[PDB]
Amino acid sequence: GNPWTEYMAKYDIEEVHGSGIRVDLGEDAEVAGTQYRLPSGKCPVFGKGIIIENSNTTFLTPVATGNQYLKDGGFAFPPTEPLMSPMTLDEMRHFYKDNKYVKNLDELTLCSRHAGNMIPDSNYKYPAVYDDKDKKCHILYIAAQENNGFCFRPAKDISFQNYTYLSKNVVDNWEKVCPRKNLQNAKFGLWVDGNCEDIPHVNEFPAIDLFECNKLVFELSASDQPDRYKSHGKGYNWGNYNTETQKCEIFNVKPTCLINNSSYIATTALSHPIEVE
């Protein structure tokens, strides 16, 4: 019937990711009688970071400690001896040199596993952020992602393009089952009776380039921010960007095929905001 099933599996975000994208708080965890909500998305969120409003401290700054002021710290794990975070890729592969099930993981999966290896037994597996520029893994002591209404929000700012936000459940085979690259000269579509038809209803936002389109799709993607709030991956996670009309055509149903159109680039809320293939 549909030849695109295997190729398009990775874009069934509700199945392969299964949690919020903009705000990922898809699992519950009990710790000494206290209930917590933790990110649980199985895919990496490329280009996502956290903006702390009305401060000048990056969210990757370690959390405030000792006498430091609260607003001089960030979301990251605090210093330890030996230093557990931030830890480089090479430092990680060496630190786990004797673990055969970890030492050769993908850098992102390795960062995820490392962040969930701070308590030996303990159900609190931190999320993490991986920086491809410094090849650095930052364990996030703070799993919160939005507090608009000490105020912060998630975002795909241009300066975050090399950051990847990782939940504790990121899969080792993400490169095969999760979206990353954007699709040049291709347009998401729905397969029907042997033909790839256009998405029958989209929401058009203006966007000057692919990056702004992806950032829009991210802003509108599945979100778990306040089961009643668990999105489970449902949302406006897909976008077809027309480069000639500069239109980000956003939609919220899983695509099932591709249309060849030299004017379009296919993107998702999880995809990298710039890279294309």
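Each residue number is its position in the shown sequence, starting from 1.
In the deposited entry, the stretch joining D121 to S122 is interrupted by 4 to 9 residues of the deposited sequence lacking coordinates. Count the deposited residues lacking coordinates between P226 and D227 and you get 10 or more of them.
Per the PDB record, of the two stretches 77 to 85 and 173 to 181, 77 to 85 carries the greater mean B-factor over its C-alpha atoms.
Per-stretch averaging of Cα B factors for 112 to 120 and 136 to 144 places 112 to 120 on top. In this entry, the residue among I208, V31, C248, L220 with the greatest C-alpha B factor is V31. The residue among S40, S231, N252, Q68 whose C-alpha atom has the highest B-factor in the PDB entry is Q68. When the modelled residues of the chain are ordered by C-alpha B-factor, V202 sits in the lowest third. Looking at the C-alpha B-factors along this chain, the one for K125 belongs to the highest third. Per the PDB record, residue ranking by Cα B-factor puts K187 in the middle third of the chain. When the modelled residues of the chain are ordered by their C-alpha B factor, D131 lands in the middle third. Among all modelled residues in this chain, the alpha-carbon of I50 has a temperature factor (C-alpha) in the middle third.
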